[PDB]
$ cat query_24.txt   # compact mmCIF, N, CA and C atoms and all ligand atoms
# COMPACT_ATOMS: atom_id res chain seq x y z
N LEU A 1 25.72 -26.85 -6.40
CA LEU A 1 25.91 -26.94 -7.86
C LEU A 1 26.11 -25.53 -8.33
N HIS A 2 26.51 -25.33 -9.58
CA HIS A 2 26.49 -23.99 -10.14
C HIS A 2 26.16 -24.05 -11.60
N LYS A 3 25.64 -22.94 -12.08
CA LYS A 3 25.33 -22.78 -13.49
C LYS A 3 26.58 -22.44 -14.31
N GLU A 4 26.54 -22.86 -15.55
CA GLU A 4 27.50 -22.50 -16.51
C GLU A 4 26.85 -22.22 -17.84
N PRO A 5 27.55 -21.53 -18.73
CA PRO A 5 26.96 -21.22 -20.03
C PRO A 5 26.58 -22.45 -20.81
N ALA A 6 25.43 -22.38 -21.50
CA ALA A 6 25.09 -23.45 -22.45
C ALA A 6 25.05 -22.82 -23.82
N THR A 7 25.68 -23.48 -24.78
CA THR A 7 25.68 -23.08 -26.15
C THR A 7 24.69 -23.98 -26.90
N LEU A 8 23.53 -23.41 -27.21
CA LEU A 8 22.48 -24.15 -27.90
C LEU A 8 22.82 -24.29 -29.38
N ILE A 9 22.78 -25.51 -29.85
CA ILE A 9 22.80 -25.82 -31.27
C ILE A 9 21.37 -25.88 -31.76
N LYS A 10 20.55 -26.70 -31.12
CA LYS A 10 19.16 -26.79 -31.55
C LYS A 10 18.37 -27.50 -30.49
N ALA A 11 17.09 -27.14 -30.39
CA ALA A 11 16.09 -27.94 -29.69
C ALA A 11 16.01 -29.31 -30.32
N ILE A 12 15.61 -30.32 -29.53
CA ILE A 12 15.33 -31.62 -30.08
C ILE A 12 13.91 -32.08 -29.75
N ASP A 13 13.64 -32.32 -28.48
CA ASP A 13 12.27 -32.60 -28.05
C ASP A 13 12.06 -32.14 -26.62
N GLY A 14 11.04 -32.67 -25.97
CA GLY A 14 10.64 -32.15 -24.65
C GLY A 14 11.74 -32.21 -23.63
N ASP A 15 12.57 -33.25 -23.67
CA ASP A 15 13.57 -33.42 -22.65
C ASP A 15 15.00 -33.65 -23.16
N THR A 16 15.24 -33.30 -24.43
CA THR A 16 16.57 -33.33 -24.96
C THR A 16 16.83 -32.10 -25.82
N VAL A 17 18.06 -31.62 -25.74
CA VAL A 17 18.47 -30.44 -26.48
C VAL A 17 19.87 -30.74 -26.99
N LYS A 18 20.23 -30.12 -28.10
CA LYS A 18 21.60 -30.29 -28.67
C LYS A 18 22.47 -29.07 -28.29
N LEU A 19 23.52 -29.34 -27.53
CA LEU A 19 24.42 -28.30 -27.05
C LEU A 19 25.80 -28.49 -27.67
N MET A 20 26.53 -27.38 -27.82
CA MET A 20 27.97 -27.47 -28.10
C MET A 20 28.70 -27.41 -26.79
N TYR A 21 29.32 -28.50 -26.38
CA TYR A 21 30.01 -28.54 -25.11
C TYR A 21 31.49 -28.78 -25.36
N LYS A 22 32.31 -27.83 -24.94
CA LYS A 22 33.74 -27.83 -25.30
C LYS A 22 33.95 -28.18 -26.79
N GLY A 23 33.15 -27.56 -27.63
CA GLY A 23 33.27 -27.68 -29.04
C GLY A 23 32.82 -29.02 -29.62
N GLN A 24 32.13 -29.83 -28.82
CA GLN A 24 31.55 -31.10 -29.28
C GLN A 24 30.03 -31.02 -29.28
N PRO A 25 29.41 -31.33 -30.40
CA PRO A 25 27.94 -31.37 -30.44
C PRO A 25 27.40 -32.60 -29.74
N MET A 26 26.60 -32.37 -28.74
CA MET A 26 26.19 -33.41 -27.82
C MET A 26 24.71 -33.27 -27.59
N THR A 27 23.99 -34.39 -27.59
CA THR A 27 22.66 -34.37 -27.03
C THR A 27 22.74 -34.30 -25.50
N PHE A 28 21.99 -33.39 -24.92
CA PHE A 28 21.84 -33.29 -23.49
C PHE A 28 20.44 -33.73 -23.13
N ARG A 29 20.41 -34.62 -22.14
CA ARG A 29 19.19 -35.14 -21.56
C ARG A 29 18.88 -34.49 -20.23
N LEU A 30 17.69 -33.88 -20.15
CA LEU A 30 17.29 -33.14 -18.94
C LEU A 30 17.21 -34.08 -17.73
N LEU A 31 17.89 -33.73 -16.65
CA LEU A 31 17.80 -34.57 -15.45
C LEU A 31 16.42 -34.57 -14.84
N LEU A 32 16.05 -35.73 -14.33
CA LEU A 32 14.95 -35.93 -13.37
C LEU A 32 13.55 -35.83 -13.94
N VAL A 33 13.45 -35.82 -15.25
CA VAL A 33 12.15 -35.65 -15.93
C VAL A 33 12.02 -36.65 -17.09
N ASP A 34 10.77 -36.87 -17.46
CA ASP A 34 10.39 -37.61 -18.63
C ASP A 34 9.23 -36.95 -19.36
N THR A 35 9.51 -36.42 -20.54
CA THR A 35 8.48 -35.91 -21.43
C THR A 35 8.01 -37.06 -22.34
N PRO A 36 6.77 -36.98 -22.82
CA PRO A 36 6.34 -37.89 -23.89
C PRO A 36 7.21 -37.77 -25.09
N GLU A 37 7.40 -38.89 -25.79
CA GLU A 37 7.94 -38.83 -27.13
C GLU A 37 7.09 -37.94 -28.03
N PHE A 38 7.71 -37.41 -29.06
CA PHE A 38 7.08 -36.43 -29.89
C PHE A 38 5.72 -36.81 -30.46
N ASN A 39 5.51 -38.07 -30.76
CA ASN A 39 4.28 -38.41 -31.44
C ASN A 39 3.33 -39.10 -30.49
N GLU A 40 3.66 -39.01 -29.20
CA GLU A 40 2.74 -39.46 -28.13
C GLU A 40 2.00 -38.25 -27.62
N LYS A 41 0.89 -38.48 -26.92
CA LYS A 41 0.07 -37.35 -26.49
C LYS A 41 0.91 -36.43 -25.57
N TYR A 42 0.80 -35.13 -25.81
CA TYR A 42 1.55 -34.10 -25.11
C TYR A 42 3.00 -34.01 -25.59
N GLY A 43 3.38 -34.87 -26.53
CA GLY A 43 4.72 -34.83 -27.11
C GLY A 43 5.02 -33.56 -27.87
N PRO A 44 4.18 -33.22 -28.89
CA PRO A 44 4.45 -31.99 -29.61
C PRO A 44 4.45 -30.77 -28.70
N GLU A 45 3.59 -30.80 -27.70
CA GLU A 45 3.45 -29.68 -26.80
C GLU A 45 4.71 -29.53 -25.89
N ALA A 46 5.19 -30.65 -25.36
CA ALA A 46 6.42 -30.61 -24.53
C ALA A 46 7.59 -30.17 -25.36
N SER A 47 7.63 -30.64 -26.62
CA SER A 47 8.73 -30.27 -27.53
C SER A 47 8.73 -28.81 -27.69
N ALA A 48 7.54 -28.26 -27.98
CA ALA A 48 7.42 -26.86 -28.32
C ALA A 48 7.74 -26.01 -27.10
N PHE A 49 7.30 -26.46 -25.94
CA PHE A 49 7.58 -25.72 -24.72
C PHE A 49 9.08 -25.58 -24.48
N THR A 50 9.79 -26.69 -24.50
CA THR A 50 11.25 -26.71 -24.29
C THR A 50 11.94 -25.90 -25.38
N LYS A 51 11.41 -25.99 -26.58
CA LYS A 51 12.10 -25.35 -27.70
C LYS A 51 12.01 -23.85 -27.53
N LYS A 52 10.83 -23.35 -27.27
CA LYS A 52 10.69 -21.92 -27.12
C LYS A 52 11.34 -21.38 -25.85
N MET A 53 11.28 -22.15 -24.75
CA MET A 53 11.84 -21.65 -23.51
C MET A 53 13.32 -21.46 -23.68
N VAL A 54 13.99 -22.39 -24.34
CA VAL A 54 15.45 -22.29 -24.46
C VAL A 54 15.82 -21.29 -25.55
N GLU A 55 15.13 -21.34 -26.69
CA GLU A 55 15.50 -20.46 -27.81
C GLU A 55 15.30 -18.99 -27.49
N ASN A 56 14.25 -18.69 -26.75
CA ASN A 56 13.92 -17.31 -26.48
C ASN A 56 14.68 -16.69 -25.33
N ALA A 57 15.43 -17.47 -24.60
CA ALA A 57 16.19 -16.95 -23.49
C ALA A 57 17.45 -16.27 -24.01
N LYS A 58 17.70 -15.09 -23.48
CA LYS A 58 18.97 -14.44 -23.69
C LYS A 58 20.11 -15.17 -23.02
N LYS A 59 19.84 -15.71 -21.84
CA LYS A 59 20.87 -16.36 -21.05
C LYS A 59 20.52 -17.82 -20.94
N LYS A 60 21.26 -18.66 -21.65
CA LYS A 60 21.03 -20.10 -21.57
C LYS A 60 22.14 -20.77 -20.72
N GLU A 61 21.75 -21.54 -19.73
CA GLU A 61 22.72 -22.15 -18.82
C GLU A 61 22.44 -23.60 -18.57
N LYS A 62 23.49 -24.32 -18.16
CA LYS A 62 23.34 -25.70 -17.77
C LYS A 62 23.95 -25.85 -16.39
N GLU A 63 23.56 -26.91 -15.71
CA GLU A 63 24.02 -27.15 -14.37
C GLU A 63 24.16 -28.65 -14.19
N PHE A 64 25.40 -29.16 -14.07
CA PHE A 64 25.59 -30.59 -13.81
C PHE A 64 25.25 -30.88 -12.37
N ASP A 65 24.81 -32.11 -12.08
CA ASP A 65 24.66 -32.54 -10.72
C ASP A 65 26.00 -33.14 -10.26
N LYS A 66 25.98 -33.76 -9.09
CA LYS A 66 27.19 -34.28 -8.46
C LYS A 66 27.68 -35.61 -8.97
N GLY A 67 26.82 -36.37 -9.61
CA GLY A 67 27.15 -37.69 -10.09
C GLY A 67 27.52 -37.64 -11.53
N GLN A 68 26.98 -38.57 -12.28
CA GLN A 68 27.49 -38.75 -13.60
C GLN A 68 27.00 -37.66 -14.56
N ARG A 69 27.88 -37.24 -15.46
CA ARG A 69 27.57 -36.12 -16.34
C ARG A 69 27.21 -36.55 -17.72
N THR A 70 27.35 -37.83 -18.00
CA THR A 70 26.88 -38.38 -19.25
C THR A 70 26.19 -39.69 -18.90
N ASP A 71 25.21 -40.08 -19.70
CA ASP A 71 24.61 -41.37 -19.52
C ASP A 71 25.23 -42.45 -20.43
N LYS A 72 24.65 -43.63 -20.38
CA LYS A 72 25.19 -44.77 -21.09
C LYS A 72 25.13 -44.65 -22.58
N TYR A 73 24.39 -43.66 -23.06
CA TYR A 73 24.26 -43.36 -24.48
C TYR A 73 25.15 -42.21 -24.93
N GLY A 74 25.95 -41.68 -24.02
CA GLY A 74 26.85 -40.53 -24.33
C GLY A 74 26.14 -39.19 -24.30
N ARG A 75 24.93 -39.15 -23.78
CA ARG A 75 24.19 -37.90 -23.67
C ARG A 75 24.63 -37.19 -22.42
N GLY A 76 24.81 -35.88 -22.50
CA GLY A 76 25.03 -35.10 -21.31
C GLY A 76 23.80 -35.13 -20.40
N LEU A 77 24.02 -34.98 -19.09
CA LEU A 77 22.95 -34.98 -18.09
C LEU A 77 23.05 -33.69 -17.28
N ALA A 78 22.04 -32.82 -17.39
CA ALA A 78 22.08 -31.56 -16.74
C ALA A 78 20.69 -31.03 -16.44
N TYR A 79 20.63 -30.07 -15.52
CA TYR A 79 19.52 -29.16 -15.44
C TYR A 79 19.81 -27.98 -16.40
N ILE A 80 18.79 -27.57 -17.16
CA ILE A 80 18.91 -26.47 -18.12
C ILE A 80 18.10 -25.28 -17.64
N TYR A 81 18.68 -24.09 -17.73
CA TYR A 81 18.06 -22.84 -17.30
C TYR A 81 17.94 -21.85 -18.46
N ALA A 82 16.84 -21.13 -18.46
CA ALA A 82 16.53 -20.11 -19.51
C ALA A 82 16.19 -18.84 -18.77
N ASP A 83 17.07 -17.84 -18.84
CA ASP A 83 16.92 -16.61 -18.05
C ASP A 83 16.62 -16.91 -16.57
N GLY A 84 17.41 -17.84 -16.03
CA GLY A 84 17.38 -18.29 -14.64
C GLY A 84 16.22 -19.13 -14.19
N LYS A 85 15.33 -19.51 -15.12
CA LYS A 85 14.18 -20.39 -14.83
C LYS A 85 14.58 -21.77 -15.30
N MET A 86 14.38 -22.77 -14.43
CA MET A 86 14.78 -24.13 -14.82
C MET A 86 13.76 -24.80 -15.70
N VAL A 87 14.21 -25.19 -16.88
CA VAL A 87 13.34 -25.84 -17.84
C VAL A 87 12.74 -27.11 -17.24
N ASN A 88 13.58 -27.85 -16.55
CA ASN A 88 13.15 -29.15 -16.02
C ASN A 88 11.94 -28.94 -15.10
N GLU A 89 12.06 -27.97 -14.23
CA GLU A 89 10.99 -27.61 -13.30
C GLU A 89 9.75 -27.12 -14.02
N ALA A 90 9.93 -26.26 -15.02
CA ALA A 90 8.80 -25.63 -15.65
C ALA A 90 7.97 -26.70 -16.40
N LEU A 91 8.66 -27.65 -17.08
CA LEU A 91 7.96 -28.78 -17.76
C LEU A 91 7.10 -29.49 -16.74
N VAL A 92 7.70 -29.83 -15.61
CA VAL A 92 6.96 -30.59 -14.60
C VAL A 92 5.79 -29.76 -14.06
N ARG A 93 6.02 -28.47 -13.78
CA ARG A 93 4.98 -27.63 -13.22
C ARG A 93 3.78 -27.50 -14.13
N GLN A 94 4.02 -27.55 -15.45
CA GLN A 94 2.94 -27.42 -16.45
C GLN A 94 2.31 -28.77 -16.85
N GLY A 95 2.73 -29.84 -16.17
CA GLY A 95 2.22 -31.18 -16.48
C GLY A 95 2.62 -31.70 -17.88
N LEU A 96 3.77 -31.21 -18.38
CA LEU A 96 4.32 -31.71 -19.65
C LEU A 96 5.47 -32.74 -19.49
N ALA A 97 5.91 -32.96 -18.25
CA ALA A 97 6.88 -34.01 -17.93
C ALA A 97 6.47 -34.59 -16.61
N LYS A 98 6.80 -35.85 -16.42
CA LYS A 98 6.75 -36.48 -15.09
C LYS A 98 8.14 -36.37 -14.47
N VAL A 99 8.21 -36.33 -13.13
CA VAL A 99 9.45 -36.58 -12.44
C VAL A 99 9.79 -38.05 -12.74
N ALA A 100 11.03 -38.32 -13.11
CA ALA A 100 11.43 -39.63 -13.59
C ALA A 100 12.93 -39.81 -13.51
N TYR A 101 13.37 -41.06 -13.58
CA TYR A 101 14.83 -41.35 -13.68
C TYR A 101 15.63 -40.69 -12.54
N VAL A 102 15.11 -40.83 -11.33
CA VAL A 102 15.73 -40.31 -10.15
C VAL A 102 16.73 -41.29 -9.61
N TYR A 103 17.98 -40.97 -9.80
CA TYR A 103 19.10 -41.79 -9.33
C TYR A 103 19.87 -41.10 -8.24
N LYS A 104 20.23 -41.84 -7.21
CA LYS A 104 20.85 -41.22 -6.06
C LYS A 104 22.22 -40.67 -6.46
N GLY A 105 22.58 -39.55 -5.85
CA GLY A 105 23.78 -38.84 -6.27
C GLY A 105 23.67 -37.97 -7.54
N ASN A 106 22.56 -38.06 -8.30
CA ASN A 106 22.25 -37.07 -9.35
C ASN A 106 20.82 -36.60 -9.10
N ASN A 107 20.50 -36.27 -7.85
CA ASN A 107 19.09 -35.98 -7.55
C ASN A 107 18.89 -34.71 -6.71
N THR A 108 19.75 -33.71 -6.93
CA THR A 108 19.76 -32.56 -6.10
C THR A 108 18.41 -31.83 -6.12
N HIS A 109 17.78 -31.70 -7.32
CA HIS A 109 16.53 -30.94 -7.38
C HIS A 109 15.26 -31.79 -7.26
N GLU A 110 15.41 -33.01 -6.76
CA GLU A 110 14.29 -33.92 -6.67
C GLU A 110 13.08 -33.29 -5.94
N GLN A 111 13.29 -32.79 -4.74
CA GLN A 111 12.14 -32.28 -3.98
C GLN A 111 11.43 -31.08 -4.66
N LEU A 112 12.27 -30.22 -5.27
CA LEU A 112 11.78 -29.07 -6.02
C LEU A 112 10.85 -29.55 -7.12
N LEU A 113 11.29 -30.57 -7.85
CA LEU A 113 10.48 -31.07 -8.95
C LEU A 113 9.25 -31.82 -8.47
N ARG A 114 9.36 -32.57 -7.37
CA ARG A 114 8.19 -33.25 -6.85
C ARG A 114 7.10 -32.28 -6.35
N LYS A 115 7.53 -31.15 -5.80
CA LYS A 115 6.62 -30.09 -5.40
C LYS A 115 5.86 -29.59 -6.63
N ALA A 116 6.60 -29.29 -7.70
CA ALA A 116 6.00 -28.90 -8.95
C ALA A 116 5.02 -29.93 -9.48
N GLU A 117 5.40 -31.22 -9.40
CA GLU A 117 4.55 -32.28 -9.99
C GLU A 117 3.23 -32.41 -9.21
N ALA A 118 3.29 -32.26 -7.91
CA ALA A 118 2.11 -32.35 -7.07
C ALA A 118 1.16 -31.24 -7.43
N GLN A 119 1.67 -30.06 -7.73
CA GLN A 119 0.75 -28.98 -8.08
C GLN A 119 0.13 -29.18 -9.49
N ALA A 120 0.94 -29.66 -10.46
CA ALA A 120 0.43 -30.03 -11.79
C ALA A 120 -0.66 -31.10 -11.63
N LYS A 121 -0.46 -32.06 -10.70
CA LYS A 121 -1.50 -33.08 -10.43
C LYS A 121 -2.75 -32.50 -9.81
N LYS A 122 -2.56 -31.62 -8.84
CA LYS A 122 -3.66 -30.94 -8.18
C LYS A 122 -4.51 -30.19 -9.20
N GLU A 123 -3.82 -29.59 -10.18
CA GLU A 123 -4.48 -28.77 -11.21
C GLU A 123 -4.98 -29.61 -12.39
N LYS A 124 -4.68 -30.91 -12.38
CA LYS A 124 -5.04 -31.82 -13.47
C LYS A 124 -4.56 -31.35 -14.83
N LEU A 125 -3.31 -30.87 -14.87
CA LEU A 125 -2.71 -30.36 -16.14
C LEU A 125 -2.15 -31.43 -17.02
N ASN A 126 -2.52 -31.37 -18.31
CA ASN A 126 -1.84 -32.17 -19.36
C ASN A 126 -1.73 -33.69 -19.03
N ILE A 127 -0.54 -34.19 -18.73
CA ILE A 127 -0.34 -35.61 -18.44
C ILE A 127 -1.33 -36.06 -17.38
N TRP A 128 -1.69 -35.15 -16.47
CA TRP A 128 -2.48 -35.49 -15.29
C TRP A 128 -3.98 -35.15 -15.47
N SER A 129 -4.37 -34.80 -16.69
CA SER A 129 -5.75 -34.39 -16.98
C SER A 129 -6.67 -35.62 -17.20
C1 LIG B 201 17.32 -39.07 -17.50
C2 LIG B 201 18.24 -40.26 -17.54
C3 LIG B 201 18.04 -41.28 -18.43
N1 LIG B 201 18.95 -42.32 -18.47
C4 LIG B 201 18.71 -43.47 -19.33
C5 LIG B 201 17.67 -44.40 -18.65
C6 LIG B 201 16.97 -44.96 -19.86
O1 LIG B 201 17.79 -46.04 -20.30
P1 LIG B 201 17.17 -47.39 -20.96
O2 LIG B 201 17.14 -46.73 -22.34
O3 LIG B 201 18.23 -48.47 -21.00
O4 LIG B 201 15.76 -47.69 -20.56
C7 LIG B 201 17.04 -43.87 -20.92
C8 LIG B 201 15.79 -43.09 -20.98
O5 LIG B 201 15.91 -41.97 -21.89
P2 LIG B 201 14.76 -41.33 -22.69
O6 LIG B 201 13.58 -41.03 -21.75
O7 LIG B 201 15.44 -40.10 -23.27
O8 LIG B 201 14.34 -42.39 -23.73
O9 LIG B 201 18.13 -43.04 -20.52
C9 LIG B 201 20.02 -42.38 -17.59
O10 LIG B 201 20.81 -43.39 -17.63
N2 LIG B 201 20.26 -41.40 -16.71
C10 LIG B 201 19.39 -40.34 -16.61
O11 LIG B 201 19.60 -39.44 -15.78
CA CA B 202 11.27 -39.07 -22.93
$ encode --input "query_24.txt" --output "structure tokens"
Amino acid sequence: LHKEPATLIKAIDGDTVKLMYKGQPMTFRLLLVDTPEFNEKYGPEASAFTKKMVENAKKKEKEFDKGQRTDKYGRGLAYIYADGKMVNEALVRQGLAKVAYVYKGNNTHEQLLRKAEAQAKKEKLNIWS
């Protein structure tokens, strides 16, 4: 896979961000993770984490996987990076997202994220507390 520039319009919540992609405003859904909804426990916290990680990065990037690049709702599907740190991974590592929605052919970082999730579980962080 490779990274490409992401043009942030705005944070949305723990696992969705609004990007300008080829001049179209699109919701992007983070691959391989599930954050709580905003008003569920850990929701505000996941939102805030994703929001600050992406907003504060000088270098914002996205990375499509090998399979589908949009979902059935027209949302983009990508891994998002903030100064070369993957947001998807960091959410999972901090126990603010579960590994989720793992579909074959769009699952390149699956093992990386499962490693992160096991350590968040070991540490009893957030979702796993
Ligand atoms: C992350 C992801 C979600 N989705 C779909 C599955 C779920 O559809 P159903 O809505 O029909 O249950 C929905 C979950 O999104 P949210 O967790 O953003 O609600 O998005 C994909 O199709 N591909 C993906 O990679
Ligand atoms: Ca969610």
$ residues_around --input "query_24.txt" --residues "residue 47 in chain A" --least-positions-apart "5" --cutoff "8 Å" --atoms "only N, CA and C atoms" --output "JSON, numbers by chain"
{"A": [11, 12, 13, 14, 15, 16, 35, 36, 37, 38, 42, 52, 53, 96]}
$ atom_distance --input "query_24.txt" --atom1 "CA of residue 98 in chain A" --atom2 "CA of residue 24 in chain A"
29.1 Å
$ atom_distance --input "query_24.txt" --atom1 "CA of residue 18 in chain A" --atom2 "CA of residue 116 in chain A"
25.2 Å
$ closest_atom_pairs --input "query_24.txt" --of "chain A" --to "ligand LIG 201 (chain B)" --cutoff "7 Å" --atoms "all atoms listed in the file" --output "Markdown table"
| residue | atom | partner | partner_atom | distance |
| --- | --- | --- | --- | --- |
| A:15 | C | B:LIG201 | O7 | 6.5 |
| A:16 | N | B:LIG201 | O7 | 6.9 |
| A:29 | C | B:LIG201 | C1 | 5.6 |
| A:30 | C | B:LIG201 | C1 | 5.0 |
| A:31 | CA | B:LIG201 | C1 | 5.0 |
| A:32 | N | B:LIG201 | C1 | 4.8 |
| A:33 | N | B:LIG201 | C1 | 5.5 |
| A:34 | CA | B:LIG201 | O6 | 5.6 |
| A:35 | N | B:LIG201 | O6 | 6.3 |
| A:70 | C | B:LIG201 | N2 | 6.5 |
| A:71 | CA | B:LIG201 | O10 | 4.7 |
| A:72 | N | B:LIG201 | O10 | 4.7 |
| A:73 | N | B:LIG201 | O10 | 6.5 |
| A:77 | CA | B:LIG201 | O11 | 6.0 |
| A:100 | C | B:LIG201 | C1 | 6.0 |
| A:101 | CA | B:LIG201 | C1 | 5.1 |
| A:102 | N | B:LIG201 | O11 | 6.5 |
| A:103 | N | B:LIG201 | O11 | 6.4 |
$ residues_around --input "query_24.txt" --residues "residue 57 in chain A" --least-positions-apart "4" --cutoff "8 Å" --atoms "only N, CA and C atoms" --output "VMD selection string"
chain A and resid 51 to 53 81 to 84
$ select_by_dssp --input "query_24.txt" --residues "chain A" --states "helix (DSSP H, G or I)" --output "PyMOL selection string"
chain A and resi 43-55+87-93+110-122+126-128
$ write_last_selection --input "query_24.txt" --atoms "N, CA and C atoms" --output "CSV table (one decimal), keeping the file's coordinate frame"
chain,number,residue,atom,x,y,z
A,43,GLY,N,3.4,-34.9,-26.5
A,43,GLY,CA,4.7,-34.8,-27.1
A,43,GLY,C,5.0,-33.6,-27.9
A,44,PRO,N,4.2,-33.2,-28.9
A,44,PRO,CA,4.4,-32.0,-29.6
A,44,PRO,C,4.4,-30.8,-28.7
A,45,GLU,N,3.6,-30.8,-27.7
A,45,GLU,CA,3.4,-29.7,-26.8
A,45,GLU,C,4.7,-29.5,-25.9
A,46,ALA,N,5.2,-30.6,-25.4
A,46,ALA,CA,6.4,-30.6,-24.5
A,46,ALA,C,7.6,-30.2,-25.4
A,47,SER,N,7.6,-30.6,-26.6
A,47,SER,CA,8.7,-30.3,-27.5
A,47,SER,C,8.7,-28.8,-27.7
A,48,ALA,N,7.5,-28.3,-28.0
A,48,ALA,CA,7.4,-26.9,-28.3
A,48,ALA,C,7.7,-26.0,-27.1
A,49,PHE,N,7.3,-26.5,-25.9
A,49,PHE,CA,7.6,-25.7,-24.7
A,49,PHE,C,9.1,-25.6,-24.5
A,50,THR,N,9.8,-26.7,-24.5
A,50,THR,CA,11.2,-26.7,-24.3
A,50,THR,C,11.9,-25.9,-25.4
A,51,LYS,N,11.4,-26.0,-26.6
A,51,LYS,CA,12.1,-25.4,-27.7
A,51,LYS,C,12.0,-23.8,-27.5
A,52,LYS,N,10.8,-23.4,-27.3
A,52,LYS,CA,10.7,-21.9,-27.1
A,52,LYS,C,11.3,-21.4,-25.8
A,53,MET,N,11.3,-22.2,-24.8
A,53,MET,CA,11.8,-21.6,-23.5
A,53,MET,C,13.3,-21.5,-23.7
A,54,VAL,N,14.0,-22.4,-24.3
A,54,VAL,CA,15.4,-22.3,-24.5
A,54,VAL,C,15.8,-21.3,-25.6
A,55,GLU,N,15.1,-21.3,-26.7
A,55,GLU,CA,15.5,-20.5,-27.8
A,55,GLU,C,15.3,-19.0,-27.5
A,87,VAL,N,14.2,-25.2,-16.9
A,87,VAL,CA,13.3,-25.8,-17.8
A,87,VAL,C,12.7,-27.1,-17.2
A,88,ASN,N,13.6,-27.8,-16.6
A,88,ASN,CA,13.2,-29.2,-16.0
A,88,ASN,C,11.9,-28.9,-15.1
A,89,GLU,N,12.1,-28.0,-14.2
A,89,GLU,CA,11.0,-27.6,-13.3
A,89,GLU,C,9.8,-27.1,-14.0
A,90,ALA,N,9.9,-26.3,-15.0
A,90,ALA,CA,8.8,-25.6,-15.6
A,90,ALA,C,8.0,-26.7,-16.4
A,91,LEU,N,8.7,-27.6,-17.1
A,91,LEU,CA,8.0,-28.8,-17.8
A,91,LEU,C,7.1,-29.5,-16.7
A,92,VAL,N,7.7,-29.8,-15.6
A,92,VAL,CA,7.0,-30.6,-14.6
A,92,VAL,C,5.8,-29.8,-14.1
A,93,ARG,N,6.0,-28.5,-13.8
A,93,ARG,CA,5.0,-27.6,-13.2
A,93,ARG,C,3.8,-27.5,-14.1
A,110,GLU,N,15.4,-33.0,-6.8
A,110,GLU,CA,14.3,-33.9,-6.7
A,110,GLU,C,13.1,-33.3,-5.9
A,111,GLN,N,13.3,-32.8,-4.7
A,111,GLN,CA,12.1,-32.3,-4.0
A,111,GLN,C,11.4,-31.1,-4.7
A,112,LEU,N,12.3,-30.2,-5.3
A,112,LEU,CA,11.8,-29.1,-6.0
A,112,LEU,C,10.8,-29.6,-7.1
A,113,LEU,N,11.3,-30.6,-7.8
A,113,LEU,CA,10.5,-31.1,-9.0
A,113,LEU,C,9.2,-31.8,-8.5
A,114,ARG,N,9.4,-32.6,-7.4
A,114,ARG,CA,8.2,-33.2,-6.8
A,114,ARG,C,7.1,-32.3,-6.4
A,115,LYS,N,7.5,-31.2,-5.8
A,115,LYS,CA,6.6,-30.1,-5.4
A,115,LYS,C,5.9,-29.6,-6.6
A,116,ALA,N,6.6,-29.3,-7.7
A,116,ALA,CA,6.0,-28.9,-9.0
A,116,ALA,C,5.0,-29.9,-9.5
A,117,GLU,N,5.4,-31.2,-9.4
A,117,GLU,CA,4.6,-32.3,-10.0
A,117,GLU,C,3.2,-32.4,-9.2
A,118,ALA,N,3.3,-32.3,-7.9
A,118,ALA,CA,2.1,-32.4,-7.1
A,118,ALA,C,1.2,-31.2,-7.4
A,119,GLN,N,1.7,-30.1,-7.7
A,119,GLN,CA,0.8,-29.0,-8.1
A,119,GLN,C,0.1,-29.2,-9.5
A,120,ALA,N,0.9,-29.7,-10.5
A,120,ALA,CA,0.4,-30.0,-11.8
A,120,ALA,C,-0.7,-31.1,-11.6
A,121,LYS,N,-0.5,-32.1,-10.7
A,121,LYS,CA,-1.5,-33.1,-10.4
A,121,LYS,C,-2.8,-32.5,-9.8
A,122,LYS,N,-2.6,-31.6,-8.8
A,122,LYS,CA,-3.7,-30.9,-8.2
A,122,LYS,C,-4.5,-30.2,-9.2
A,126,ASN,N,-2.5,-31.4,-18.3
A,126,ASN,CA,-1.8,-32.2,-19.4
A,126,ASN,C,-1.7,-33.7,-19.0
A,127,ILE,N,-0.5,-34.2,-18.7
A,127,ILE,CA,-0.3,-35.6,-18.4
A,127,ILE,C,-1.3,-36.1,-17.4
A,128,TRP,N,-1.7,-35.2,-16.5
A,128,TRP,CA,-2.5,-35.5,-15.3
A,128,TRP,C,-4.0,-35.2,-15.5
$ closest_residue --input "query_24.txt" --among "A:110, A:117, A:89, A:61" --to "residue 7 in chain A" --atoms "only N, CA and C atoms"
A:61
$ atom_distance --input "query_24.txt" --atom1 "atom C of residue 95 in chain A" --atom2 "CA of residue 45 in chain A"
9.2 Å
$ select_by_dssp --input "query_24.txt" --residues "range 10-104 of chain A" --states "strand (DSSP E)" --output "VMD selection string"
chain A and resid 10 to 13 16 to 21 24 to 30 33 to 34 60 to 63 76 to 82 85 to 86 98 to 99
$ residues_around --input "query_24.txt" --residues "range 3-6 of chain A" --least-positions-apart "6" --cutoff "12 Å" --atoms "only C-alpha atoms" --output "count of residues only"
31
$ closest_residue --input "query_24.txt" --among "A:49, A:75, A:2, A:97" --to "ligand CA 202 (chain B)" --atoms "only C-alpha atoms and all ligand atoms"
A:97
$ residues_around --input "query_24.txt" --residues "residue 113 in chain A" --least-positions-apart "5" --cutoff "7 Å" --atoms "all atoms listed in the file" --output "list in words"
residues 88, 89, 92, 99 and 118 of chain A
$ axis_aligned_box --input "query_24.txt" --around "range 67-82 of chain A" --padding-each-side "5 Å" --output "lines of an AutoDock Vina configuration file"
center_x = 22.0
center_y = -31.8
center_z = -17.3
size_x = 21.7
size_y = 35.9
size_z = 25.3
$ closest_residue --input "query_24.txt" --among "A:46, A:27, A:9, A:74" --to "ligand CA 202 (chain B)" --atoms "only C-alpha atoms and all ligand atoms"
A:46
